[PDB]
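Participant: Take a look at this one; I'll ask things after.
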Amino acid sequence: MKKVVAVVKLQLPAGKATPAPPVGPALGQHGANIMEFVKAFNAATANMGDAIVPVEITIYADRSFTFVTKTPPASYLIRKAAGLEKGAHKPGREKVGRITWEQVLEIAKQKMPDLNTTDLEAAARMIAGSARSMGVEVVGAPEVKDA
């Protein structure tokens, strides 16, 4: 029993969005809450930093809005996957921004249902790759070219 009626997919300024986004009028369709939208948004884009994120506000008929993206594509979810969470303090000395093959795959597999790709390598690479550009590094994914 799950069916979305309106899914706003757009890119908003991370750490710079105001209660007057480009959609605004086209967004207030889940209960009329533009502040809560940006309020929480800024909270995240405020704890992480400034950037652009392809919001995917899934508005369900039951006036239900669900979505959680942080930082441009790939990083939208890879970030949290890389280990970005802090919580309220950090242990000390730690290279933040690391993902593992099994993770980029679990992320790609759910990102390549039937679009146009096929082999995981193509998708996986696109994933672990996007992370690579995100300064992130693939903690796993051993280059075993000899065994």
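In the structure tokens, the first chain shown is A, the next is B, and so on; residue numbers restart at 1 for each chain, and ligands run from 1 in the order shown.
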Quick one: residues within 10 Å of residue 97 (chain A), only C-alpha atoms counted, chain neighbours fewer than 5 positions away excluded, as JSON, numbers by chain?
Facilitator: {"A": [75, 78, 79, 80, 81, 82, 83, 84, 131, 132, 134, 135, 136, 137, 138, 139]}
Participant: Limited to N, CA and C atoms, could you put the picked residues into a file as a compact mmCIF listing (two decimals), in the first residue's frame?
Facilitator:
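What follows is the written file result_36.txt:
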```
# COMPACT_ATOMS: atom_id res chain seq x y z
N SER A 75 26.66 11.85 -4.17
CA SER A 75 26.93 12.24 -2.77
C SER A 75 25.61 12.34 -2.00
N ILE A 78 25.52 8.71 -0.90
CA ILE A 78 26.88 8.17 -0.61
C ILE A 78 27.46 8.91 0.60
N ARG A 79 27.22 10.19 0.71
CA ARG A 79 27.75 10.93 1.88
C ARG A 79 27.46 10.11 3.14
N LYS A 80 26.22 10.05 3.55
CA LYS A 80 25.88 9.26 4.76
C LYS A 80 26.54 7.89 4.64
N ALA A 81 26.56 7.33 3.46
CA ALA A 81 27.19 5.99 3.28
C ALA A 81 28.69 6.10 3.53
N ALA A 82 29.30 7.17 3.11
CA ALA A 82 30.77 7.33 3.33
C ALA A 82 31.06 7.31 4.83
N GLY A 83 30.11 7.70 5.64
CA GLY A 83 30.33 7.70 7.11
C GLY A 83 29.99 9.07 7.68
N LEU A 84 29.59 9.99 6.85
CA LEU A 84 29.25 11.35 7.35
C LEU A 84 28.06 11.25 8.31
N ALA A 131 31.90 9.04 -6.12
CA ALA A 131 32.51 9.23 -4.78
C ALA A 131 33.97 9.64 -4.96
N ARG A 132 34.69 8.96 -5.81
CA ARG A 132 36.12 9.33 -6.04
C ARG A 132 36.20 10.83 -6.30
N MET A 134 34.14 13.01 -5.42
CA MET A 134 33.73 13.68 -4.15
C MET A 134 34.90 13.65 -3.17
N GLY A 135 36.10 13.52 -3.65
CA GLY A 135 37.27 13.47 -2.73
C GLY A 135 37.18 12.18 -1.91
N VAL A 136 36.06 11.52 -1.97
CA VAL A 136 35.89 10.25 -1.21
C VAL A 136 36.76 9.16 -1.83
N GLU A 137 37.10 8.16 -1.07
CA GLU A 137 37.95 7.06 -1.62
C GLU A 137 37.29 5.71 -1.35
N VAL A 138 37.43 4.77 -2.24
CA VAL A 138 36.81 3.43 -2.03
C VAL A 138 37.66 2.63 -1.04
N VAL A 139 37.26 2.59 0.20
CA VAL A 139 38.04 1.84 1.21
C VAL A 139 38.27 0.41 0.72
```
Participant: Could you pull out the strand (DSSP E) residues of region 46-113 of chain A from DSSP and send them as a tab-separated table (two decimals) with C-alpha atoms, in the first residue's frame?
Facilitator:
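The result, stored in result22.tsv:
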```
chain	number	residue	atom	x	y	z
A	51	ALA	CA	26.33	22.91	-2.10
A	52	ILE	CA	23.47	21.86	-4.41
A	53	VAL	CA	21.23	18.83	-3.80
A	54	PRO	CA	18.70	17.22	-6.24
A	55	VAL	CA	15.81	17.23	-3.74
A	56	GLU	CA	13.33	14.43	-4.32
A	57	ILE	CA	10.37	15.48	-2.17
A	58	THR	CA	8.05	12.47	-2.53
A	59	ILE	CA	4.57	13.84	-1.75
A	60	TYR	CA	2.16	10.96	-1.07
A	64	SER	CA	2.93	12.74	3.08
A	65	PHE	CA	6.33	14.13	2.05
A	66	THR	CA	9.43	11.90	2.26
A	98	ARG	CA	35.42	6.64	2.50
A	99	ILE	CA	33.10	4.04	0.95
```
Participant: Tell me, in Å to one decimal, how far CA of residue 23 (chain A) is from CA of residue 8 (chain A).
Facilitator: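 Between CA of residue 23 (chain A) and CA of residue 8 (chain A) the gap is 8.5 Å.
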Participant: Have a look at A:34, A:141, A:7, A:48 and name the one nearest to residue 103 (chain A); count only C-alpha atoms.
Facilitator: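 Ranking A:34, A:141, A:7, A:48 by distance to residue 103 (chain A), first place goes to A:141.
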Participant: Neighbours of residue 140 (chain A) within 7 Å (only C-alpha atoms; same-chain residues fewer than 2 positions away dropped), as a list in words?
Facilitator: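 Close residues of residue 140 (chain A): residues 100, 101, 138 and 142 of chain A.
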Participant: For the selection you just gave me, I'd like the residues written to a file as an mmCIF file, in the first residue's frame, keeping N, CA, C and O atoms.
Facilitator:
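Okay, part-v5.cif is ready:
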```
data_model
loop_
_atom_site.group_PDB
_atom_site.id
_atom_site.type_symbol
_atom_site.label_atom_id
_atom_site.label_comp_id
_atom_site.auth_asym_id
_atom_site.auth_seq_id
_atom_site.Cartn_x
_atom_site.Cartn_y
_atom_site.Cartn_z
ATOM 1 N N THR A 100 32.880 1.675 0.446
ATOM 2 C CA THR A 100 33.429 0.341 0.084
ATOM 3 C C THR A 100 32.666 -0.217 -1.118
ATOM 4 O O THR A 100 31.504 0.071 -1.321
ATOM 5 N N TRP A 101 33.320 -1.013 -1.917
ATOM 6 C CA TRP A 101 32.650 -1.595 -3.114
ATOM 7 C C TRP A 101 31.276 -2.144 -2.725
ATOM 8 O O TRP A 101 30.258 -1.697 -3.205
ATOM 9 N N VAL A 138 37.434 4.772 -2.244
ATOM 10 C CA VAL A 138 36.812 3.435 -2.032
ATOM 11 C C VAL A 138 37.658 2.634 -1.040
ATOM 12 O O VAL A 138 38.669 2.061 -1.394
ATOM 13 N N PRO A 142 39.356 -4.024 -3.950
ATOM 14 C CA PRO A 142 40.781 -4.376 -4.197
ATOM 15 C C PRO A 142 41.091 -4.571 -5.685
ATOM 16 O O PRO A 142 40.421 -5.315 -6.375
#
```
Participant: Just checking: using only C-alpha atoms, which residue out of A:17, A:144, A:61, A:127 ends up closest to residue 40 (chain A)?
Facilitator: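 The shortest atom-to-atom distance to residue 40 (chain A) comes from A:17.
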Participant: Could you write out, as a count of residues only, all the residues of region 4-125 of chain A that DSSP marks as helix (DSSP H, G or I)?
Facilitator: 40
Participant: Could you check the closest approach to residue 31 (chain A) for each of A:2, A:93, A:76, A:62 and tell me which residue wins, using only C-alpha atoms?
Facilitator: A:62
Participant: Which of these residues is nearest to residue 18 (chain A), using only C-alpha atoms: A:3, A:30, A:86, A:39?
Facilitator: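 So, comparing all the options, the nearest one is A:39.
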Participant: Using only C-alpha atoms, which of the listed residues (A:6, A:104, A:88, A:115) sits closest to residue 29 (chain A)?
Facilitator: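 Residue with the minimum atom-to-atom distance to residue 29 (chain A): A:6.
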Participant: As an exercise, work out the distance from CA of residue 35 (chain A) to CA of residue 89 (chain A) in Å and give it to one decimal place.
Facilitator: 27.3 Å
